[PDB]
């Protein structure tokens, strides 16, 4: 699969902490577009320009390619420190 995690506002709005998707997407951006088209809440959760992405616990651009077995996470701008 591809495994997808969500955090903060995004996790609240998509309404699940994690989900799996068909490893059928060339890039993070492709996966994002796909998941956003699932419903109005997902599109609202996953369409912000400031939305961040990570692949196997590293921050990546949205062009970053996917591979069967990856961990993908979407989340809003961070507020730590």
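Residue numbers count along the first chain shown, from 1. We call the rigid core whatever largest set of C-alpha positions still superposes within 1.5 Å between the two forms.
The stretch that moves more in 5 other deposited structures of this protein, judged by CA deviation after a rigid core superposition and choosing between 26 to 34 and 44 to 52, is 44 to 52. Per-stretch averaging of Cα B factors for 29 to 37 and 42 to 50 places 42 to 50 on top.
Based on the entry's C-alpha B-factors, the most elevated value among 73, 59, 66, 14 belongs to 66.
In this PDB entry, residue 5 carries a Cα temperature factor that places it within the middle third of its chain's modelled residues.
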